[PDB]
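1. okay, structure incoming, though there's no sequence with it:
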């Protein structure tokens, strides 16, 4: 249809954590049918980031996920007009994050407009002390509530010096035009930071994702 | 003290709800020691607001609270340098808002810079359908955790045609300078929209708050 097997990505994020603003821009490319993408991200304002970069990675598009034939693919069907998502992320120690992304399609390139806001991360926590390592494999579960596609999952960040730090994700997905809705299914995400400079002013991020039922 | 019996307020709020941006500005006045204040608010971007105005009213300063002598007043002591707060609000139907306020003093005018972000309010909920009436009297409970003043509250909005719609508030307060921390105590808040135009582009908002303890 409108989905080429190789696509580009352009994005800008504006946001704040505990009231301190920052902005980040990125360019990437991926292969929506393989469910793989990668991108390079640069801090534009509010650098150097005084918090763990990992709370942002999942905010930096479910079109990049491999769907079998037997599962409805809400995300590929929603283009060219696009879709948006809303998301709340509740960390076990009271830290809470809200994000939105408005996704459009210009040529063979996706354009994200992302807003991100986190509050109540304690000063002695693993986020403000940058003591996180990586996200464990994430299983998102998607379902439909009143004509709207929703998902949630309970995820976990690995911690420096052992242990995990949990977080609960609730996301709402909205196509811009009416689209066929899927049945209950899961999506596994592997997300990883392959490289970065010391202060995370520059970051290279990869993700693989695949749906099941 | 730098806190005078009658003071002014200026504010700007920038936010978004379900991904749709807006901005509101306000002017007001109050009496710090009587724990009373009032203000007028005008939507400047994103009007008319497609959601219930009530989810914003508590974002629109604990310096305006009557503290008795036997409770430490963290807020009046934080000036002239000021203080800030961060806050999350979790409504029973999945709607979640975050806000921040940075509060400074200039002459005898408080200046707020407020950020507000709400997500996941369902289309058929009381918020997107503007079915809220008012906040019931709200009892905030403050305590200290690792050298920082926190608070929480279980609040409720009355709904059109009966029933209530519940929300959990969690706030962190941080003075700009080191200031003496209070003990556990409580604050009752009465907040009310005294008047507004048909679509809430103009709002006159009042609050009165009084601190209590054992």
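-> Looks like it arrived, so ask away. Residues are numbered from 1 along each chain as shown, chains lettered A, B, ... in the order given.
2. run through the bridge partners of the closest residue to residue A:164 other than its chain neighbours.
-> Leaving aside its chain neighbours, residue A:164 sits nearest to residue A:156 (4.4 Å; criterion: CB to CB, 6 or more residues apart in numbering or on different chains). For every residue, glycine as well, the C-beta is placed using N, CA and C. According to DSSP bridges, the partner residues bridging residue A:156 are residue A:166.
3. relative to residue A:40, how far out is residue A:156?
-> 26 Å (CB to CB, to the nearest Å).
4. next: residue A:153.
-> 26 Å.
5. settle it for me: which of these two has more neighbours?
-> The neighbour comparison of residue A:153 against residue A:40 (other CB atoms under 10 Å in any protein chain shown) goes to residue A:153, with 19 against 14.
6. touching, the more buried one and residue A:139? I think so.
-> Yes. Judged on CB atoms under 8 Å, residue A:153 makes contact with residue A:139 at a distance of 5.8 Å.
7. show me which residues of chain A are close to chain B?
-> A:16, A:18-19, A:84, A:86-88, A:94, A:96-100, A:102, A:115, A:117-120, A:122-124, A:145-146, A:148, A:170, A:172 (CB under 8 Å from any CB of the partner chain).
8. filter these down to the buried ones.
-> A:16, A:18-19, A:84, A:86-88, A:94, A:96-100, A:102, A:115, A:117-120, A:122, A:170, A:172 (16 or more other CB atoms under 10 Å in any protein chain shown).
9. which members of the residues you listed occur in strands, if any?
-> Judged by DSSP state E, strands contain the following of these: A:16, A:84, A:86-88, A:96-100, A:102, A:115, A:117-119, A:170, A:172.
10. tell me where chain A has strands.
-> According to DSSP E, the strands that chain A contains are A:7-17, A:20-31, A:36-45, A:83-91, A:96-106, A:109-119, A:132-135, A:138-145, A:148-159, A:164-175, A:185-196, A:202-212.
11. so which elements touch the shortest one?
-> By that I understand strand A:132-135. strand A:148-159, strand A:185-196 (3 or more CB pairs under 8 Å, 6 or more residues apart in numbering or on different chains; DSSP states H and E).
12. now distance to residue A:55 too, for the strands of chain A, in TSV please.
-> Output for these, formatted as TSV (distance: least, CB to CB, whole Å):
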stretch	distance to residue A:55
strand A:7-17	8
strand A:20-31	12
strand A:36-45	14
strand A:83-91	8
strand A:96-106	6
strand A:109-119	6
strand A:132-135	8
strand A:138-145	14
strand A:148-159	9
strand A:164-175	8
strand A:185-196	12
strand A:202-212	13
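13. of all those, which lies closest to residue A:66?
-> Proximity to residue A:66 (CB to CB) singles out strand A:202-212 among those, at 4.6 Å.
14. residues contacting that closest one, please?
-> Applying CB atoms under 8 Å, 6 or more residues apart in numbering or on different chains, the contact partners of strand A:202-212 are A:28, A:35-43, A:53, A:57, A:60, A:62, A:64-68, A:71, A:185-196.
15. ChimeraX command for the buried members of those?
-> Those of the contacts of strand A:202-212 that count as buried under 16+ other CB under 10 Å are selected in ChimeraX with:
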select /A:28,35,36,37,38,39,41,43,53,57,60,62,64,65,66,67,71,185,187,188,189,190,191,193
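16. for the helices and strands packed on strand A:132-135, which one sits closest to residue A:106?
-> strand A:148-159 (23.7 Å).
17. what angle sits between that closest one and strand A:164-175?
-> 160 degrees (axes from the mean of the first three to the mean of the last three CA atoms, to 10 degrees).
18. helices and strands around strand A:148-159, which ones?
-> Packing partners of strand A:148-159 (3+ CB pairs under 8 Å, 6+ apart): strand A:132-135, strand A:138-145, strand A:164-175.
19. quick one: buried residues of that strand?
-> Quick answer for strand A:148-159 (16+ other CB under 10 Å): A:149-153, A:155-157.
20. ok, the residue nearest to residue A:7 when sequence neighbours are not counted to residue A:79 distance?
-> Ranked by CB to CB, 6+ apart and with sequence neighbours excluded, the top spatial neighbour of residue A:7 is residue A:108, at 5.6 Å. Note on residue A:108: its distance to residue A:79, by CB to CB, is 11 Å.
21. run a quick neighbour tally on residue A:181.
-> 15.
22. isn't it up against residue A:145?
-> No. The pair residue A:181 / residue A:145 is not scored as a contact, 10.4 Å apart, by CB under 8 Å.
23. give me the nearest residue to residue A:21, chain neighbours excluded.
-> Residue nearest to residue A:21 in three dimensions, not counting chain neighbours: residue A:46, with 5.4 Å by CB to CB, 6+ apart.
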